[PDB]
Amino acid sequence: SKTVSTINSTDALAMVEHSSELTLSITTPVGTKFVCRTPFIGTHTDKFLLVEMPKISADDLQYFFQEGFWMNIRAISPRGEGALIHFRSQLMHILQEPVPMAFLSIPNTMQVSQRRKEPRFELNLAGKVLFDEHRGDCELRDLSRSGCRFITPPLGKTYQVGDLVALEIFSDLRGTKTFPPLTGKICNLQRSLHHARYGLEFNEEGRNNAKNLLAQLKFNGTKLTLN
């Protein structure tokens, strides 16, 4: 159900809401175990992870919360069905003024357990959605190896969960031609009179064409674009 992978810390931490609770698990040099919880404050650029200083005892601070100690930290994300972010960081500084705060290092990567088994790439590619012999307009919004997200004019033809559609995405900026079709079934949808969005899960052929389409796209840093 949950897939775990290694993600760069910036993207990992962007999934965590500021003020949410962090669970810090510490093991001292002699192996003494200690756990404490405290709110996440935020991050300064990529230099430090700031947390509210936990209310621990003087002995706790002395034996378990020393600058230089490394520790395992768990953070939660409430997005979708929810995800867990696990990483290891070193306690760098403790400030009592102007408010109690602890500064932890930000590692290069973190382990994320989430429901999505793979990433989805953002993009904006116009095309047509074929269903029951009829075509409507659509715009591809994200694409993964196994599916995609697309939107349509809210007043056009609507689709239902389970419907089998084929997305013919324009290969050129002139409309006319289209990449080999992305075929699959409607997995989810969100609609109103203002919006119509759909999550699609490809079938074998659709996966084949997705890989093909993806390969013909050039990245532009944040999104994929025609090329």
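Residue numbers run from 1 along the displayed sequence.
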Checklist entry - Looking at the entry, does 173-181 or 28-36 show the higher mean C-alpha B-factor? => result 173-181
Next on the checklist: Quick check on the record: does 125-133 or 107-115 carry the larger mean Cα temperature factor?
Outcome noted: 125-133
Checklist entry - If you compare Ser9, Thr23, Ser20, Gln216, which has the highest Cα B-factor in the entry? => result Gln216
Item to check | B-factor third for the C-alpha atom of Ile76 within its chain | outcome: middle
Next on the checklist: Lowest, middle or highest third: which one holds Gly156 when the chain's residues are ordered by CA B-factor from the entry?
Outcome noted: highest
Checklist entry - Among the chain's modelled residues, which third holds the C-alpha B-factor of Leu61? => result lowest
Item to check | Where the record places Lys47 (Cα B-factor, split into thirds across the chain) | outcome: middle
Checklist entry - Going by the entry, which third of its chain does the Cα temperature factor of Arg120 land in? => result highest
